[PDB]
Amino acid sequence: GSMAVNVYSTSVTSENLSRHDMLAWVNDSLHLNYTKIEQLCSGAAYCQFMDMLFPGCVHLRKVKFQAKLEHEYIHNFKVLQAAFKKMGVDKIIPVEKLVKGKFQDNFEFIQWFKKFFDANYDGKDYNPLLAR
């Protein structure tokens, strides 16, 4: 399969999305019910999005889908980091900041990730039940 297309500060991208529109995209894409951007700090949605982009790049059997504690969030980001390495994604994930559930760091990361997704997504169907 093809390697990831990286997104840089110099890459041409769409404009940033509002909190509402970003969550609408997450919810539609993954069949989720997120209401706060900070829910992305668990790492699980990122792992699923990587599977949707490049099926097989991520070890979804390791993903904690009902994570509630920092150590579980770090667990999921380890899974995400492995997927990034496998796909040649060169973006540094600020894991320590994200897992604290801080708004600013989580909002910046999802803005980048949406641009990354748009640069890479081929329109394939994604069954969110299969990983669960």
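Numbering starts at 1 and follows the sequence shown.
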Going by the entry, of stretches 101-109 and 76-84 the one with greater average Cα B-factor is 101-109
Per the entry, higher mean C-alpha B factor between 41-49 and 92-100: 92-100
Top Cα B factor in the deposited entry, candidates 64, 31, 59, 71: 71
Among the modelled residues of this chain, does the Cα B factor of residue 15 put it in the lowest, middle or highest third? lowest
Which third of the chain does residue 131 land in by C-alpha B-factor: lowest, middle or highest? highest
Sort the modelled residues of this chain by their C-alpha B factor and say whether residue 4 lands in the lowest, middle or highest third. lowest
